[PDB]
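> no letters, just coordinates:
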RNA sequence: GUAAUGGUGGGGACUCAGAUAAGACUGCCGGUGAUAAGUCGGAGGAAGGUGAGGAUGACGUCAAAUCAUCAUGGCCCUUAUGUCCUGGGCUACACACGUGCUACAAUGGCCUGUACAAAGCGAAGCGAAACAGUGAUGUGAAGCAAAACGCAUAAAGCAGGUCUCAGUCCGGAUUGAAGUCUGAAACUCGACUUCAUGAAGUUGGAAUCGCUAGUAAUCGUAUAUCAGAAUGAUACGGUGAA
Ligand SMILES: [Zn+2]
């Protein structure tokens, strides 16, 4: 299969900056000249909350909200120490977060 | 209906009060709050006044009271047998 | 990678999805690695499923394989019906008019509603009892 | 059916309770055989009384009456009289043939 | 008020035993609880039992005729003019004919006394075939009740 | 037309169900009685001979407590709680629910008819 | 809410069965939400204003 | 790989997941309509006349609800109406009304074998394989911050045996005995299991409620609050009409 892979999961609330960080990372690694497996989209996680509207009796009337989490995945072939160091060194706009496994 | 592996429940303060009464020949009344304490067979033949939230209701404990709880014999709300 | 399956299609229903594979043969049907008759136990639903073939007078000369999941028994029957229709279309343009005449190309976008707050169900409401 | 007298933030003198009953026997000669329920809610909210009478008819009609007053006896007199008159009006609605 | 309802489904002409819509409609009227398979099995077994109680090969024929022996012609619909309610006769439509028939057989069979499922319904079906029983009684009752009140037939609006 | 423990069973009834007519016997323990005296539960309570029913009565008053004694110490248990003046005892005394049910709207299967 | 009740909820009980969660913004003892640690009314107000990231209106 | 598992090596074909786009706008055709606006059918098309559902609720009304979520004018208490704890109580009854669940039974009850889902949840939390146990559950720890594993072999259904219109193998309330789990504690005042106990109830008067299609109807599943405890509430799918 492969000697080892770097599994990096991108978590965000916002699709735009999540995507932006995704191409930022893919460009950053192709600069380092490594073969890459495609940014693969994981299912979005939706948590729906239903709350009352009035601060008192009125029960038939309510309101619904979501929290939406968007997830992407990157796989890195043939891990390199310099490649991992650069990945950890990369700075990142707020709202998109990274999880790394060797 | 506790598990067997837990054994009966008796509060510790009530339990060493029971031991002190057991080592005393005087059969003094014990006033208590822990209605949830099980009647352990050792403490048969005592007199305990349990608090039902208003007053201390007394009981003489016989052998057959064993296995119950203290609150079982101190009524907490009174009905006058008529709803008027 | 023989690609013996000459054509392939997909079909959907309430919440079920089926993948259909046309092969050369005597018309045998294989569903989820099980016999078609043993899988779809209701002969009604089996006739339901085989209706596109009887209409396109092609049963008995093409073998079928089906990989179907989701939905209930009726949903899966409808899904495989739709898959057969789409596979026949992918095979031949000649069957297009008759299949569309029977409505086998337009699939039942009809799906279950969602429950709404203040309602016991999608449309049922709580009892009023005004008196 | 027999009438349901409810009260909020107030205490029923037996005088006023049987006053209400004495005003309500007007129904059980003419109207009782035509109604499902007759509720009378008394409230005492702004140093005044608020009365809500309510009647349901056997043919799907619903009568409601809301009033305010200062003295319970006077308020009950006016409200019950209005209720009885509106009930008579609806009965005649239907029986006009 | 906004009439001309959307076109009915009508696509269920049961492709299981007879390619006939009327059997499908009868099974649908039979349904309790949302159990189409149970209804289909009961109806198939019961009509088979009827066809061998009368010993004919063609079951469609006997089933259809036992229906048509109950399908009514003129029914009573109530209107009211000038504070006077009149039970005017009016000619039913064909769809309502099958509906009233099937409803009457189903009600009589369900409320009858019997041992079992297809037992009750086959028994009622042959009673209808022979033009006797609760269903036929109800049909003729509606017929000649409408006929006993034919004076108001000029109120067909 | 066998009689066990004073109760003679309806001959028309499937015997695994017929024994349930004996107080202290329910469906499950009727099943143990059948498979423990080695009589097919499907055999009717009419075609039963005498030696095997002697076997059943052996089983019954060997392993189980039946209407007489069962009534005896259920009444004994009730009176034991009732004379000792416990909550449950005085509850039995009054005629009100024991396990802590509502006693304002839905307690008249014990309270009786309204 | 009652500030003393807020502080007692914050403090350590004799055991966890003695302590109940409260909206520590307003101290409402109930209507609580664990994901946000605050009551339904505080949640509605602040999510409506957009002060709770990630929480928007739900069309179903 | 003998299993059970795409399980293993493999493979982008498909489903699928999620980003970016196309697509349905009376666009086109016929009839009618004041040359109109509109309107009834037809073609194409997954979708046709707002496709279906949700979100979105004008000026104002009812001195409508909330000082008890918060904020707040005035008034009021200041070893008190404040505050720490123990226990009781919010679970009290001759009664009346409203909301639901389970039934009254044959489109069914019970026994055995077998088949098909979706949406969700897991960090003091999920907790598997197995074994003990009729059972509630117990010992154990694999795997997992999880479209990776676990909750979780969904139930109606189907294939057989049995019941025979019987207050019944229908109904499971009520009580007795012995257990399970939670936590320091569950007697008043928890849930669940095993065994017995087997009541009312024969489709319910006047009157009244919900619903136009995946809708009623019914069958299960999941979540929120939560140490523990839902027939309520929120959400999901199965069968599926008139
Ligand atoms: Zn708050």
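Here it is on my side, so go on. Numbers count the residues shown, from 1 in each chain, chains lettered A, B, ... in the order given.

> strands along the chain, start to end?
Using chain A here. For chain A, the strands defined by DSSP state E cover A:5-12, A:36-52, A:62-77, A:96-101.

> that answer is for a different chain, and I need it for chain F
F:3-4, F:7-8.

> of all those, which lies closest to chain G?
Proximity of those to chain G was assessed by Cβ to the nearest Cβ; the nearest stretch is strand F:7-8, lying at 51.7 Å. (Each C-beta comes from the backbone N, C-alpha and C, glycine too.)

> in chain G, spot the helix with the most residues.
As assigned by DSSP state H, the longest helix anywhere in chain G is helix G:40-49.

> next one: chain C
Max-length helix for chain C by DSSP H is helix C:73-91.

> same for that one, what does it pack against?
Under the contact criterion of 3 or more Cβ pairs under 8 Å, 6 or more residues apart in numbering or on different chains; DSSP states H and E, helix C:73-91 touches strand C:7-12, strand C:16-24, helix C:43-55, strand C:62-70, helix C:96-102.

> right, is it up against RNA strand H?
Yes: using Cβ under 7 Å from any atom of the strand, helix C:73-91 reaches RNA strand H at C:73-76, C:78.

> out of these, give me the one that has the most neighbours.
In terms of neighbours by other Cβ atoms under 10 Å in any protein chain shown, the residues of helix C:73-91 next to RNA strand H top out with residue C:76 at 27 neighbours.

> so that residue makes contact with residue C:19?
No: with contact defined as Cβ atoms under 8 Å, residue C:76 does not count as touching residue C:19 (11.9 Å).

> what's the closest non-adjacent residue to residue 53?
I went with chain A, as the question did not name one. residue A:61 (4.7 Å; Cβ to Cβ, 6 or more residues apart in numbering or on different chains).

> that answer is for a different chain, and I need it for chain E
The shortest distance from residue E:53 to any non-neighbouring residue, by Cβ to Cβ, 6+ apart, is to residue E:126 (5.8 Å).

> tell me the buried residues in the host helix or strand of that neighbour?
Following DSSP states H and E, one finds residue E:126 within helix E:117-129. The neighbour-count check on helix E:117-129 (16 or more other Cβ atoms under 10 Å in any protein chain shown) flags E:118, E:120-129 as buried.

> same thing with stretch G:48-59?
Buried-residue list, stretch G:48-59, by 16+ other Cβ under 10 Å: G:52, G:55, G:58.

> what sits up against stretch E:124-142?
E:46-47, E:50, E:53-54, E:62-63, E:65-67, E:69-70, E:72, E:75-76, E:101, E:104-105, E:107-109, E:111-112 (Cβ atoms under 8 Å, 6 or more residues apart in numbering or on different chains).

> mind listing what the residue in chain G positioned nearest to chain C touches?
Residue nearest to chain C within chain G: residue G:60 (5.7 Å; Cβ to the nearest Cβ). Listed by Cβ under 8 Å, 6+ apart, the contact partners of residue G:60 are A:48, A:64, C:114.

> rewinding a little: now, the buried residues of stretch G:48-59 that are in strands?
Reading strands off those with DSSP E, I get residue G:55.

> how close does the residue nearest in space to the middle of chain C sit to residue E:3?
In chain C, the centroid-proximal residue (Cα atoms, centre = their mean) is residue C:79; its distance is 2.1 Å. Noted for residue C:79: a distance of 37 Å to residue E:3, by Cβ to Cβ, to the nearest Å.

> kindly report the same for residue D:18.
Taking Cβ to Cβ, one finds residue D:18 at 58 Å from residue E:3.

> and residue C:123, by the same measure?
Counting by Cβ to Cβ - residue C:123 and residue E:3 are separated by 23 Å.

> ditto for residue B:46
For residue B:46 relative to residue E:3 (Cβ to Cβ), the value is 87 Å.

> which one's more surrounded, these two?
Shown here are residue B:46 and residue E:3; by other Cβ under 10 Å, residue B:46 has more neighbours (20 against 4).

> any idea how far stretch F:34-51 is from the chain center?
Offset of stretch F:34-51 from its chain centre (Cα atoms, centre = their mean, to the nearest Å): 20 Å.
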